[PDB]
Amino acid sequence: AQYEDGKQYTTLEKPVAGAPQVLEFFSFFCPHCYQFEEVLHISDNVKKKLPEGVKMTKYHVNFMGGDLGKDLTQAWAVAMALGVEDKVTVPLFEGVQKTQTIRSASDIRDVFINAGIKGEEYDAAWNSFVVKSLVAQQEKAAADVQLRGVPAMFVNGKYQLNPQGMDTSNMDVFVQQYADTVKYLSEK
């Protein structure tokens, strides 16, 4: 057929109950993740095609970048708690990978301050149990899909996007196929 298990996607041996409908994993340390988000704009293209009543969820992972990597997962939790994901995603990617001016937790915080988040508000979030649970939630999700690498996307806790089995030549057909596959899986 057009969409085939083992080609554009694979199926989890162990489906995850209660998973977000569309779940992306990434790291701000991840070069392919920078490409995915900042050049290919995969998340944005996926979202432009999703069925009504389907939300996209994005989680950060700890396993790249050591101590800073975990700081970034905690900062992403702050972004989720404050609802400022779309104001900090670009300057965090650029801070870690382009300018490389993000080398400490303080440097991450500066990105939020610069983007208009009050210090008091960032600090209260950073130290909150709500954020600690959001960090735990991201970690748990990684375990549930038995995550091995990033970037990664899973649909309805059952299917895993397989960019390996798509075409890689024009960025754009690749991006269109990826987005089209997510839409297909979401209705499956």
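Residues carry their position along the shown sequence, with the first being 1.
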### Message
On mean Cα temperature factor in this entry, is 41 to 49 or 56 to 64 the higher one?
### Response
41 to 49
### Summary
For 127 to 135 versus 157 to 165, entry-based mean Cα B-factors point to 157 to 165
### Maximum C-alpha temperature factor, selected from 86, 71, 94, 110
86
### Summary
residue 119: C-alpha B-factor third of its chain, per the entry, is the highest
### Query
Split the chain's modelled residues into thirds by Cα B-factor; is residue 24 in the lowest, middle or highest one?
lowest
### Task
Name the third of the chain's ranked CA B-factors that contains residue 152, choosing lowest, middle or highest.
lowest
### Task
Relative to the other modelled residues of the same chain, rank the CA B-factor of residue 1 and answer lowest, middle or highest third.
highest
